Structures are given as C-alpha cells and as structure tokens.
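Participant: Have a look at this one before I ask anything.
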C-alpha cells in the first residue's frame, strides 16, 4: 500500500546502519588486538635482550 | 496478512543481531586497548631497568 | 551526529508516511462505506423493480 512501504524503508535504514556499525566495530577490534599483540611481542623481545645483557 | 509479519520480524532480528555484535566487538576493543596501555606502561619501565643494567 | 539527524529524518519520514497511510486508509474506507450504501440502495432498487415488474406481469 502506502504507509507499509515507508515503514519497511525505515526498518531497512535501521538494518543498514546497524550492520555497518557492527562491521566497523569488528574491524576496530581486529586492529586493536593486533596492535596489542605486536606490543606484547616487542615486550618479549625486550625481556630476552635484558636477559642477554644480564648474562 | 502473512508477508508483512515475517519480513518485519526478520528485519528487526537483523538489526538486533548487528547491534549486539557491535556491542561485543566494542567491549573487546576497550578491554584490548586497556591491556595494551598496561603493556606500554610496563615496557617503559622494562626499558629503564635495561638501561640501568647496561650502564 | 550525521547518523542522528539522518535517523530523525527517516523517523519523521516514517511518521508522515504512516500518517498518510492511515489517512488514505480512512478515505478509501469512507469510499467503501459509500459504495456499500450504494450496493444496499441498489438491492433496494432490484427488489422494487422486481415487485413492480411482477405486478405488471400479473396484470
């Protein structure tokens, strides 16, 4: 009819916005966790270098 | 009718799924970010003690 | 944000659209009521034509 189509369009705009936000948040999590794990690896290498210096 | 109900329910389900997924991702992002901050703070002190050891 | 104003805009769009939807609902509903009354007076006309035709045929 008439109002039904507009209501469907609203329900679809919510769909697109929610899905896009979810995908963006997932990409953010991937990037942040990669950052953290690379920092942890750098910390490990520093520990090993400290061990060599102690020797 | 029949089509309106199923389509509307499926679209609302899609919106809710995307929203909850985004919230989970953002929570993990915040936790990883704070842990990364902890890693930075500990790494600086590790570098300082390494520098003293080298001196 | 831009998402906020976009949301308010599609929101008022949904509001005006459902408003006009219920509006034409009411309009076509009045038209259907008028058409039903038309059918009713039509059946009245059928019955009156039937009885007067039958009287004519009786005579």
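Protein chains in written order, with the entry's author numbering: chain N, 1 to 55; chain M, 1 to 55; chain J, 86 to 144. No residue lacks a Cβ here, since even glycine has one placed at the ideal position from N, Cα and C.
Output needed for residue 12/N: all residues of its chain with C-beta closer than 7 Å, excluding positions within five of it in sequence on either side, in chain order.
Facilitator: Result list for residue 12/N: empty, nothing under 7 Å.
Participant: Counting only Cβ pairs nearer than 9 Å, list the residues of chain N close to residue 45/M.
Facilitator: Correct list: empty, because the minimum Cβ distance to chain N is about 11 Å.
Participant: Where does residue 10/M fall in DSSP's three states?
Facilitator: In this structure, residue 10/M counts as helix in the three-state DSSP scheme.
Participant: Under the criterion of a Cβ to heavy atom distance below 6 Å, does residue 47/M qualify as lining the ligand MN?
Facilitator: The ligand MN is absent from the structure shown, which contains no ligands of any kind.
Participant: List the endpoints of the continuous alpha helix (DSSP H) containing residue 189/J.
Facilitator: Nothing can be reported for residue 189/J, as the shown portion of chain J is limited to 86 through 144.
Participant: Please check the pair residue 25/M and residue 20/N, which I expect to be a contact at CB under 8 Å, by giving their CB distance rounded to whole angstroms.
Facilitator: No, residue 25/M and residue 20/N are not in contact; Cβ-Cβ is about 13 Å, not under 8 Å.
Participant: Give me, in chain order, the residues of the same chain whose beta-carbon lies closer than 6 Å to that of residue 50/M; leave out the 5 immediate sequence neighbours on both sides.
Facilitator: Closer than 6 Å at Cβ, skipping near neighbours: no residue.
Participant: Short of 7 Å Cβ to Cβ, which residues in the region 104 to 124 of chain J face chain N?
Facilitator: The region 104 to 124 of chain J vs chain N, Cβ under 7 Å: 105, 106, 107, 109.
Participant: Where residue 17/N and residue 95/J are concerned, what is the direct C-alpha to C-alpha distance, given to the nearest angstrom?
Facilitator: About 12 Å.
Participant: With a Cβ-Cβ cutoff of 7 Å, do residue 5/N and residue 99/J count as a contact?
Facilitator: For residue 5/N and residue 99/J, no; Cβs fall outside 7 Å.
Participant: With a cut-off of 8 Å on the beta carbons, I'd call residue 15/M and residue 15/N a contact; round off their distance for me.
Facilitator: Confirmed, about 6 Å.
Participant: With 16 other CB atoms within 10 Å as the buried threshold, where does residue 132/J fall?
Facilitator: Classification for residue 132/J: exposed.
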